[PDB]
$ cat structure-v6.csv   # CSV, C-alpha atoms
chain,number,residue,atom,x,y,z
A,4,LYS,CA,11.9,-9.3,2.0
A,5,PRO,CA,11.2,-10.9,-1.4
A,6,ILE,CA,13.8,-13.4,-2.8
A,7,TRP,CA,15.3,-10.9,-5.4
A,8,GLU,CA,16.0,-8.3,-2.6
A,9,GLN,CA,17.7,-11.0,-0.5
A,10,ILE,CA,20.0,-12.0,-3.5
A,11,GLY,CA,20.6,-8.4,-4.7
A,12,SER,CA,21.4,-7.1,-1.2
A,13,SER,CA,23.8,-9.9,-0.5
A,14,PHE,CA,25.5,-9.4,-3.9
A,15,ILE,CA,26.0,-5.7,-3.3
A,16,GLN,CA,27.3,-6.2,0.3
A,17,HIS,CA,29.8,-8.7,-1.3
A,18,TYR,CA,30.8,-6.4,-4.1
A,19,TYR,CA,31.4,-3.3,-1.9
A,20,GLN,CA,33.2,-5.3,0.8
A,21,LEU,CA,35.5,-6.6,-1.9
A,22,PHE,CA,35.9,-3.2,-3.5
A,23,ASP,CA,36.8,-1.4,-0.3
A,24,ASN,CA,39.1,-4.1,1.1
A,25,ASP,CA,40.8,-6.2,-1.6
A,26,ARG,CA,39.8,-5.1,-5.2
A,27,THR,CA,42.1,-7.6,-7.0
A,28,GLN,CA,39.7,-10.2,-5.7
A,29,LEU,CA,36.7,-8.7,-7.6
A,30,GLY,CA,37.1,-11.4,-10.4
A,31,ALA,CA,35.1,-13.9,-8.3
A,32,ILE,CA,31.7,-12.0,-8.9
A,33,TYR,CA,32.2,-11.6,-12.7
A,34,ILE,CA,32.3,-14.2,-15.5
A,35,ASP,CA,34.6,-14.2,-18.5
A,36,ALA,CA,32.1,-12.5,-20.8
A,37,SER,CA,31.1,-9.8,-18.2
A,38,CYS,CA,30.9,-6.2,-19.4
A,39,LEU,CA,31.8,-3.0,-17.5
A,40,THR,CA,31.1,0.5,-18.4
A,41,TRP,CA,33.1,2.7,-16.0
A,42,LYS,CA,32.4,6.5,-16.4
A,43,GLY,CA,31.5,6.0,-20.1
A,44,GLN,CA,34.5,3.8,-20.9
A,45,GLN,CA,33.7,0.2,-21.8
A,46,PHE,CA,35.8,-2.7,-20.4
A,47,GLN,CA,35.1,-6.1,-21.9
A,48,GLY,CA,35.7,-9.4,-20.3
A,49,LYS,CA,37.0,-10.4,-16.9
A,50,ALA,CA,40.7,-9.8,-17.5
A,51,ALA,CA,40.1,-6.2,-18.6
A,52,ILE,CA,37.6,-5.5,-15.8
A,53,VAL,CA,39.8,-6.8,-13.1
A,54,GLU,CA,42.9,-4.9,-14.5
A,55,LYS,CA,40.9,-1.6,-14.6
A,56,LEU,CA,39.5,-1.9,-11.1
A,57,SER,CA,42.8,-3.1,-9.6
A,58,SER,CA,44.7,-0.2,-11.2
A,59,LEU,CA,42.5,2.7,-10.1
A,60,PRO,CA,44.8,5.3,-8.5
A,61,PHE,CA,43.7,5.4,-4.9
A,62,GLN,CA,44.9,3.4,-1.9
A,63,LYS,CA,41.8,3.5,0.3
A,64,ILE,CA,38.3,3.7,-0.9
A,65,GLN,CA,35.1,3.5,1.1
A,66,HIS,CA,31.5,3.4,-0.2
A,67,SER,CA,28.3,4.0,1.5
A,68,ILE,CA,24.9,3.1,-0.1
A,69,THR,CA,22.2,5.7,0.1
A,70,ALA,CA,19.5,3.7,-1.7
A,71,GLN,CA,19.4,0.3,-3.3
A,72,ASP,CA,16.5,-1.0,-5.6
A,73,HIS,CA,16.3,-4.6,-6.8
A,74,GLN,CA,14.1,-6.3,-9.4
A,75,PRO,CA,13.6,-9.8,-10.9
A,76,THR,CA,13.5,-10.0,-14.8
A,77,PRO,CA,11.3,-12.4,-16.9
A,78,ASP,CA,14.4,-14.5,-17.9
A,79,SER,CA,15.5,-15.3,-14.3
A,80,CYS,CA,18.0,-12.4,-13.8
A,81,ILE,CA,18.2,-9.8,-11.0
A,82,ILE,CA,18.8,-6.1,-11.6
A,83,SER,CA,20.3,-4.1,-8.7
A,84,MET,CA,20.5,-0.3,-8.8
A,85,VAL,CA,22.4,1.7,-6.2
A,86,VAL,CA,22.9,5.3,-5.4
A,87,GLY,CA,25.6,6.2,-2.9
A,88,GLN,CA,28.6,8.1,-1.8
A,89,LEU,CA,32.2,7.2,-1.8
A,90,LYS,CA,35.4,8.5,-0.3
A,91,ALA,CA,38.8,7.8,-1.8
A,92,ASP,CA,41.9,8.6,0.2
A,93,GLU,CA,41.8,12.4,1.0
A,94,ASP,CA,39.6,13.5,-1.9
A,95,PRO,CA,36.3,15.0,-1.1
A,96,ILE,CA,33.2,12.8,-0.9
A,97,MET,CA,31.6,12.0,-4.2
A,98,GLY,CA,28.1,10.7,-5.1
A,99,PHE,CA,27.9,7.7,-7.4
A,100,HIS,CA,25.4,5.6,-9.4
A,101,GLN,CA,25.9,1.9,-10.1
A,102,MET,CA,23.8,-0.8,-11.8
A,103,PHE,CA,24.3,-4.5,-11.8
A,104,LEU,CA,22.7,-7.3,-13.9
A,105,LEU,CA,23.0,-10.6,-12.0
A,106,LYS,CA,22.5,-14.1,-13.5
A,107,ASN,CA,22.5,-17.6,-11.9
A,108,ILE,CA,25.3,-19.5,-13.7
A,109,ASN,CA,26.4,-22.8,-12.3
A,110,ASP,CA,24.2,-22.5,-9.2
A,111,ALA,CA,25.8,-19.1,-8.1
A,112,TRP,CA,24.8,-15.6,-8.8
A,113,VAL,CA,27.4,-13.7,-10.8
A,114,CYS,CA,27.4,-10.2,-12.3
A,115,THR,CA,27.3,-10.1,-16.1
A,116,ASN,CA,26.7,-6.4,-16.7
A,117,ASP,CA,28.1,-3.5,-14.6
A,118,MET,CA,27.6,0.3,-15.1
A,119,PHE,CA,29.2,3.0,-13.0
A,120,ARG,CA,28.9,6.8,-13.1
A,121,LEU,CA,29.9,9.5,-10.6
A,122,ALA,CA,27.3,12.1,-9.7
A,123,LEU,CA,28.5,15.5,-11.0
A,124,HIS,CA,28.5,18.6,-8.8
B,2,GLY,CA,30.7,-0.8,-39.2
B,3,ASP,CA,30.4,2.0,-36.6
B,4,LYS,CA,27.7,2.1,-33.8
B,5,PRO,CA,26.7,-1.2,-32.3
B,6,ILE,CA,23.1,-2.2,-32.6
B,7,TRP,CA,22.3,-2.0,-28.9
B,8,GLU,CA,23.5,1.6,-28.7
B,9,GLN,CA,21.3,2.4,-31.7
B,10,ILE,CA,18.2,0.7,-30.3
B,11,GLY,CA,18.9,1.8,-26.7
B,12,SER,CA,19.4,5.5,-27.6
B,13,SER,CA,16.3,5.7,-29.8
B,14,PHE,CA,14.3,3.9,-27.1
B,15,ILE,CA,15.5,6.5,-24.5
B,16,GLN,CA,14.6,9.5,-26.7
B,17,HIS,CA,11.2,8.0,-27.5
B,18,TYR,CA,10.4,7.1,-23.8
B,19,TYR,CA,11.2,10.7,-22.5
B,20,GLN,CA,9.4,12.4,-25.4
B,21,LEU,CA,6.3,10.3,-24.5
B,22,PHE,CA,7.0,10.9,-20.8
B,23,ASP,CA,7.2,14.7,-21.1
B,24,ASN,CA,4.4,15.2,-23.7
B,25,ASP,CA,1.6,12.7,-22.8
B,26,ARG,CA,2.4,9.9,-20.3
B,27,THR,CA,-0.9,8.0,-20.9
B,28,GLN,CA,0.7,6.9,-24.2
B,29,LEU,CA,3.5,5.1,-22.2
B,30,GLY,CA,1.6,1.8,-22.2
B,31,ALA,CA,2.9,0.9,-25.7
B,32,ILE,CA,6.5,0.4,-24.5
B,33,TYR,CA,5.5,-2.0,-21.6
B,34,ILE,CA,4.0,-5.4,-21.7
B,35,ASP,CA,1.9,-7.3,-19.2
B,36,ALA,CA,4.9,-8.9,-17.5
B,37,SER,CA,6.7,-5.5,-17.1
B,38,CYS,CA,8.0,-4.3,-13.8
B,39,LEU,CA,8.4,-0.7,-12.5
B,40,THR,CA,10.1,0.5,-9.3
B,41,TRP,CA,9.3,4.2,-8.8
B,42,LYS,CA,11.2,5.7,-5.8
B,43,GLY,CA,11.4,2.3,-4.0
B,44,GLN,CA,7.8,1.2,-4.7
B,45,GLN,CA,7.4,-1.9,-6.9
B,46,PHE,CA,4.5,-1.9,-9.5
B,47,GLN,CA,3.9,-5.3,-11.3
B,48,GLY,CA,2.2,-5.3,-14.8
B,49,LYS,CA,1.3,-2.9,-17.5
B,50,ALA,CA,-2.0,-1.7,-16.1
B,51,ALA,CA,-0.5,-0.9,-12.6
B,52,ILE,CA,2.5,0.9,-14.2
B,53,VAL,CA,0.4,3.0,-16.5
B,54,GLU,CA,-2.0,4.0,-13.6
B,55,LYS,CA,1.0,5.0,-11.4
B,56,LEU,CA,2.6,7.1,-14.1
B,57,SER,CA,-0.7,8.8,-15.1
B,58,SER,CA,-1.4,9.7,-11.5
B,59,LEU,CA,1.8,11.6,-10.7
B,60,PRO,CA,1.0,15.1,-9.5
B,61,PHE,CA,2.9,17.2,-12.0
B,62,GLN,CA,1.4,19.2,-14.8
B,63,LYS,CA,4.6,19.9,-16.7
B,64,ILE,CA,7.6,17.7,-16.8
B,65,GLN,CA,10.9,18.0,-18.7
B,66,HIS,CA,13.8,15.6,-18.6
B,67,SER,CA,17.3,16.3,-19.7
B,68,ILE,CA,19.8,13.5,-20.1
B,69,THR,CA,23.3,14.0,-18.8
B,70,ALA,CA,24.6,10.6,-19.6
B,71,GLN,CA,23.2,7.3,-21.1
B,72,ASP,CA,25.1,4.0,-21.1
B,73,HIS,CA,23.9,0.9,-23.1
B,74,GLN,CA,25.1,-2.7,-23.0
B,75,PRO,CA,23.9,-6.0,-24.6
B,76,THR,CA,23.0,-8.7,-22.1
B,77,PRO,CA,23.8,-12.5,-22.5
B,78,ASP,CA,20.2,-13.5,-23.3
B,79,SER,CA,19.9,-10.9,-26.1
B,80,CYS,CA,18.4,-8.0,-24.1
B,81,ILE,CA,19.6,-4.4,-24.1
B,82,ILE,CA,20.3,-2.9,-20.7
B,83,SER,CA,20.5,0.9,-20.3
B,84,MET,CA,21.4,3.3,-17.5
B,85,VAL,CA,20.5,7.0,-17.6
B,86,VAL,CA,21.6,9.8,-15.4
B,87,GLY,CA,20.0,13.2,-15.8
B,88,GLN,CA,18.1,16.2,-14.5
B,89,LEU,CA,14.4,16.8,-14.3
B,90,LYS,CA,12.3,19.9,-14.0
B,91,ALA,CA,8.7,19.5,-13.0
B,92,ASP,CA,6.4,22.5,-12.7
B,93,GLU,CA,8.0,25.2,-10.5
B,94,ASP,CA,9.9,22.7,-8.3
B,95,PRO,CA,13.6,22.9,-8.1
B,96,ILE,CA,15.7,21.0,-10.7
B,97,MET,CA,16.4,17.5,-9.3
B,98,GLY,CA,18.9,14.8,-10.4
B,99,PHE,CA,17.5,11.4,-11.3
B,100,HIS,CA,18.8,8.0,-12.3
B,101,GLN,CA,16.8,5.5,-14.4
B,102,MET,CA,17.5,2.0,-15.7
B,103,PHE,CA,15.7,0.2,-18.6
B,104,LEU,CA,15.9,-3.5,-19.6
B,105,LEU,CA,14.7,-4.0,-23.2
B,106,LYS,CA,13.6,-7.2,-24.9
B,107,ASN,CA,12.7,-7.9,-28.6
B,108,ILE,CA,9.2,-9.4,-28.7
B,109,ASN,CA,7.3,-9.7,-32.0
B,110,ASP,CA,9.9,-7.7,-34.0
B,111,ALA,CA,9.7,-4.8,-31.5
B,112,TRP,CA,11.8,-3.7,-28.5
B,113,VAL,CA,9.7,-3.5,-25.4
B,114,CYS,CA,10.6,-2.6,-21.8
B,115,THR,CA,10.3,-5.4,-19.3
B,116,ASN,CA,12.0,-3.7,-16.3
B,117,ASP,CA,12.1,0.0,-15.4
B,118,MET,CA,13.6,1.5,-12.2
B,119,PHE,CA,13.6,5.2,-11.4
B,120,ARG,CA,14.9,7.1,-8.4
B,121,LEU,CA,15.4,10.8,-7.6
B,122,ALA,CA,18.7,12.1,-6.2
B,123,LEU,CA,17.9,13.8,-2.9
B,124,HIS,CA,19.5,17.0,-1.8
B,125,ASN,CA,21.7,16.6,1.3
B,126,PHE,CA,20.6,19.5,3.6
$ encode --input "structure-v6.csv" --output "structure tokens"
Amino acid sequence: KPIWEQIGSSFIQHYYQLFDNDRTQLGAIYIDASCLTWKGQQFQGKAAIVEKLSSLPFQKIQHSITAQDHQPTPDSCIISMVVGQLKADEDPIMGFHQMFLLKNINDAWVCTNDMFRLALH
Amino acid sequence: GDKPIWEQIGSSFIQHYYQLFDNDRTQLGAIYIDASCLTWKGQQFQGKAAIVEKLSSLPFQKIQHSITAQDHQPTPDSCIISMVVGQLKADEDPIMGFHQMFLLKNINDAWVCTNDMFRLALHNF
């Protein structure tokens, strides 16, 4: 696999492992100026992003990725796009779409931009 | 002052791209540059000439997109990143869900698309 698929695939394995197990620890993949759009509502900066994701109303969540597409940009970033399915607690399975913009800051890949949408029935 | 500039540019880019896509997709070469990158259902196409040939060769005669949702953000290096969720109707095929992402960059006083990723939502049978 090309270098950008290796980085992107590891990033999304780290993100969803953290999301499904301890989502108060999700601050480690974001920077202070990160931006999150969650179902059309924009959450700006690390502190707002971590607060929003830690406060979601489910106890147990599990994601499964159906397809994951990765690309390098001209200015050294990686774009990762995921389609999947998730299950929160006892609610029915829902499809989702998520997109990540990754940037190498201080020798590590972090997420600067994050967009999430549920698929609608 | 109301709508941020990246929402303004993103939204009008989206509208222009899908107008061009649904009416004559051989005119789609104006929004890409030579360093542009397209991933169309998991297959990566590098460069303007290879992107335009792939999009001109799709086997549909009539295509219509309809946007359900469009989300736009500024990136740290001054680019605009957009995420689109919608539905498409090609010919007499069943309506399919899609997702698309566009990364825009201002080159020569014009917003061009450097990175484009498309994927169809499959029906779970």
$ atom_distance --input "structure-v6.csv" --atom1 "atom CA of residue 88 of chain A" --atom2 "atom CA of residue 35 of chain A"
28.5 Å
$ interface_residues --input "structure-v6.csv" --of "chain B" --to "chain A" --cutoff "12 Å" --atoms "all atoms listed in the file" --output "VMD selection string"
chain B and resid 34 to 48 69 to 88 98 to 106 114 to 125
$ atom_distance --input "structure-v6.csv" --atom1 "atom CA of residue 58 of chain A" --atom2 "atom CA of residue 5 of chain B"
27.8 Å
$ closest_residue --input "structure-v6.csv" --among "A:97, A:46, A:90, A:79" --to "residue 6 of chain A" --atoms "all atoms listed in the file"
A:79
$ residues_around --input "structure-v6.csv" --residues "segment 29-31 of chain A" --least-positions-apart "5" --cutoff "9 Å" --atoms "all atoms listed in the file" --output "PyMOL selection string"
chain A and resi 18+21-22+49-50+52-53+56-57+113
$ atom_distance --input "structure-v6.csv" --atom1 "atom CA of residue 81 of chain A" --atom2 "atom CA of residue 7 of chain A"
6.4 Å
$ decode --input "structure-v6.csv" --residues "segment 2-110 of chain B" --atoms "C-alpha atoms" --output "PDB file, in the first residue's frame"
ATOM      1  CA  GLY B   2     -21.166  39.915   8.604  1.00  0.00           C
ATOM      2  CA  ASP B   3     -23.230  36.754   7.946  1.00  0.00           C
ATOM      3  CA  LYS B   4     -22.011  33.794   5.823  1.00  0.00           C
ATOM      4  CA  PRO B   5     -18.346  32.938   6.087  1.00  0.00           C
ATOM      5  CA  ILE B   6     -16.358  33.090   2.846  1.00  0.00           C
ATOM      6  CA  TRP B   7     -15.551  29.334   2.714  1.00  0.00           C
ATOM      7  CA  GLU B   8     -19.287  28.502   2.846  1.00  0.00           C
ATOM      8  CA  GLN B   9     -19.891  31.026   0.054  1.00  0.00           C
ATOM      9  CA  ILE B  10     -17.113  29.658  -2.156  1.00  0.00           C
ATOM     10  CA  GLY B  11     -17.697  25.993  -1.280  1.00  0.00           C
ATOM     11  CA  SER B  12     -21.460  26.125  -1.958  1.00  0.00           C
ATOM     12  CA  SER B  13     -21.106  27.909  -5.296  1.00  0.00           C
ATOM     13  CA  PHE B  14     -18.297  25.462  -6.261  1.00  0.00           C
ATOM     14  CA  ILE B  15     -20.621  22.471  -5.436  1.00  0.00           C
ATOM     15  CA  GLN B  16     -23.500  23.911  -7.480  1.00  0.00           C
ATOM     16  CA  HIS B  17     -21.208  24.616 -10.450  1.00  0.00           C
ATOM     17  CA  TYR B  18     -19.512  21.173 -10.292  1.00  0.00           C
ATOM     18  CA  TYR B  19     -22.859  19.224 -10.322  1.00  0.00           C
ATOM     19  CA  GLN B  20     -24.358  21.467 -13.035  1.00  0.00           C
ATOM     20  CA  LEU B  21     -21.315  20.738 -15.179  1.00  0.00           C
ATOM     21  CA  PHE B  22     -21.386  17.039 -14.137  1.00  0.00           C
ATOM     22  CA  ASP B  23     -25.104  16.589 -15.050  1.00  0.00           C
ATOM     23  CA  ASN B  24     -25.153  18.648 -18.303  1.00  0.00           C
ATOM     24  CA  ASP B  25     -21.785  18.097 -20.018  1.00  0.00           C
ATOM     25  CA  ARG B  26     -18.980  16.372 -18.139  1.00  0.00           C
ATOM     26  CA  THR B  27     -16.266  17.048 -20.785  1.00  0.00           C
ATOM     27  CA  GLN B  28     -16.307  20.655 -19.455  1.00  0.00           C
ATOM     28  CA  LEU B  29     -15.163  19.386 -15.998  1.00  0.00           C
ATOM     29  CA  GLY B  30     -11.452  19.928 -16.884  1.00  0.00           C
ATOM     30  CA  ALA B  31     -11.685  23.662 -15.992  1.00  0.00           C
ATOM     31  CA  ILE B  32     -12.064  22.947 -12.232  1.00  0.00           C
ATOM     32  CA  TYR B  33      -9.085  20.589 -11.971  1.00  0.00           C
ATOM     33  CA  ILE B  34      -5.389  21.267 -12.457  1.00  0.00           C
ATOM     34  CA  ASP B  35      -2.525  19.022 -13.524  1.00  0.00           C
ATOM     35  CA  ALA B  36      -1.685  18.012  -9.943  1.00  0.00           C
ATOM     36  CA  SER B  37      -5.355  17.140  -9.150  1.00  0.00           C
ATOM     37  CA  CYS B  38      -6.297  13.781  -7.744  1.00  0.00           C
ATOM     38  CA  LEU B  39      -9.525  11.750  -8.181  1.00  0.00           C
ATOM     39  CA  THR B  40     -10.572   8.571  -6.338  1.00  0.00           C
ATOM     40  CA  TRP B  41     -13.711   7.176  -8.035  1.00  0.00           C
ATOM     41  CA  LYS B  42     -15.120   4.161  -6.157  1.00  0.00           C
ATOM     42  CA  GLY B  43     -11.721   3.158  -4.712  1.00  0.00           C
ATOM     43  CA  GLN B  44      -9.656   3.681  -7.904  1.00  0.00           C
ATOM     44  CA  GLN B  45      -7.114   6.511  -7.859  1.00  0.00           C
ATOM     45  CA  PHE B  46      -6.621   8.729 -10.958  1.00  0.00           C
ATOM     46  CA  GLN B  47      -3.653  11.191 -10.856  1.00  0.00           C
ATOM     47  CA  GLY B  48      -3.704  14.334 -13.007  1.00  0.00           C
ATOM     48  CA  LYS B  49      -6.165  16.378 -15.039  1.00  0.00           C
ATOM     49  CA  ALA B  50      -5.964  14.390 -18.292  1.00  0.00           C
ATOM     50  CA  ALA B  51      -6.541  11.016 -16.534  1.00  0.00           C
ATOM     51  CA  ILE B  52      -9.436  12.494 -14.446  1.00  0.00           C
ATOM     52  CA  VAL B  53     -11.217  13.963 -17.448  1.00  0.00           C
ATOM     53  CA  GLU B  54     -10.899  10.734 -19.470  1.00  0.00           C
ATOM     54  CA  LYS B  55     -12.327   8.624 -16.589  1.00  0.00           C
ATOM     55  CA  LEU B  56     -15.309  10.990 -16.067  1.00  0.00           C
ATOM     56  CA  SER B  57     -15.983  11.254 -19.828  1.00  0.00           C
ATOM     57  CA  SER B  58     -15.950   7.435 -20.158  1.00  0.00           C
ATOM     58  CA  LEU B  59     -18.643   6.589 -17.549  1.00  0.00           C
ATOM     59  CA  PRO B  60     -21.417   4.520 -19.153  1.00  0.00           C
ATOM     60  CA  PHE B  61     -24.446   6.705 -18.304  1.00  0.00           C
ATOM     61  CA  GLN B  62     -26.280   8.878 -20.783  1.00  0.00           C
ATOM     62  CA  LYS B  63     -28.301  10.908 -18.279  1.00  0.00           C
ATOM     63  CA  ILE B  64     -27.218  11.748 -14.760  1.00  0.00           C
ATOM     64  CA  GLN B  65     -28.850  13.836 -12.067  1.00  0.00           C
ATOM     65  CA  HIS B  66     -27.462  14.641  -8.678  1.00  0.00           C
ATOM     66  CA  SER B  67     -29.398  15.888  -5.730  1.00  0.00           C
ATOM     67  CA  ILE B  68     -27.673  17.119  -2.611  1.00  0.00           C
ATOM     68  CA  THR B  69     -29.052  16.097   0.767  1.00  0.00           C
ATOM     69  CA  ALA B  70     -26.352  17.805   2.800  1.00  0.00           C
ATOM     70  CA  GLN B  71     -23.177  19.858   2.165  1.00  0.00           C
ATOM     71  CA  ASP B  72     -20.630  20.724   4.894  1.00  0.00           C
ATOM     72  CA  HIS B  73     -17.742  23.226   4.332  1.00  0.00           C
ATOM     73  CA  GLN B  74     -14.701  24.135   6.449  1.00  0.00           C
ATOM     74  CA  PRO B  75     -11.553  26.260   6.073  1.00  0.00           C
ATOM     75  CA  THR B  76      -8.284  24.297   6.390  1.00  0.00           C
ATOM     76  CA  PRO B  77      -5.121  25.633   8.116  1.00  0.00           C
ATOM     77  CA  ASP B  78      -3.217  26.257   4.844  1.00  0.00           C
ATOM     78  CA  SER B  79      -6.059  28.400   3.388  1.00  0.00           C
ATOM     79  CA  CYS B  80      -7.903  25.690   1.480  1.00  0.00           C
ATOM     80  CA  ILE B  81     -11.621  24.944   1.558  1.00  0.00           C
ATOM     81  CA  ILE B  82     -12.662  21.354   2.353  1.00  0.00           C
ATOM     82  CA  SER B  83     -16.192  20.228   1.515  1.00  0.00           C
ATOM     83  CA  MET B  84     -18.229  17.064   2.216  1.00  0.00           C
ATOM     84  CA  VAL B  85     -21.373  16.246   0.253  1.00  0.00           C
ATOM     85  CA  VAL B  86     -23.977  13.534   0.934  1.00  0.00           C
ATOM     86  CA  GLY B  87     -26.744  13.094  -1.646  1.00  0.00           C
ATOM     87  CA  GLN B  88     -28.603  10.911  -4.108  1.00  0.00           C
ATOM     88  CA  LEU B  89     -28.006  10.245  -7.761  1.00  0.00           C
ATOM     89  CA  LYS B  90     -30.217   9.065 -10.532  1.00  0.00           C
ATOM     90  CA  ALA B  91     -28.545   7.768 -13.645  1.00  0.00           C
ATOM     91  CA  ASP B  92     -30.590   6.640 -16.627  1.00  0.00           C
ATOM     92  CA  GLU B  93     -33.174   4.039 -15.477  1.00  0.00           C
ATOM     93  CA  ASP B  94     -31.044   2.679 -12.683  1.00  0.00           C
ATOM     94  CA  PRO B  95     -32.376   2.796  -9.159  1.00  0.00           C
ATOM     95  CA  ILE B  96     -31.641   5.919  -7.117  1.00  0.00           C
ATOM     96  CA  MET B  97     -28.376   5.462  -5.236  1.00  0.00           C
ATOM     97  CA  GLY B  98     -26.889   7.331  -2.291  1.00  0.00           C
ATOM     98  CA  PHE B  99     -23.398   8.803  -2.706  1.00  0.00           C
ATOM     99  CA  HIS B 100     -20.801  10.688  -0.728  1.00  0.00           C
ATOM    100  CA  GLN B 101     -18.252  13.098  -2.223  1.00  0.00           C
ATOM    101  CA  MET B 102     -15.425  15.232  -0.853  1.00  0.00           C
ATOM    102  CA  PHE B 103     -13.693  18.206  -2.515  1.00  0.00           C
ATOM    103  CA  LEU B 104     -10.523  20.031  -1.431  1.00  0.00           C
ATOM    104  CA  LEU B 105     -10.327  23.513  -3.000  1.00  0.00           C
ATOM    105  CA  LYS B 106      -7.329  25.793  -3.415  1.00  0.00           C
ATOM    106  CA  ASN B 107      -7.056  29.342  -4.727  1.00  0.00           C
ATOM    107  CA  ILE B 108      -4.587  29.433  -7.618  1.00  0.00           C
ATOM    108  CA  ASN B 109      -4.311  32.532  -9.876  1.00  0.00           C
ATOM    109  CA  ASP B 110      -7.318  34.266  -8.261  1.00  0.00           C
TER     110      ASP B 110
END
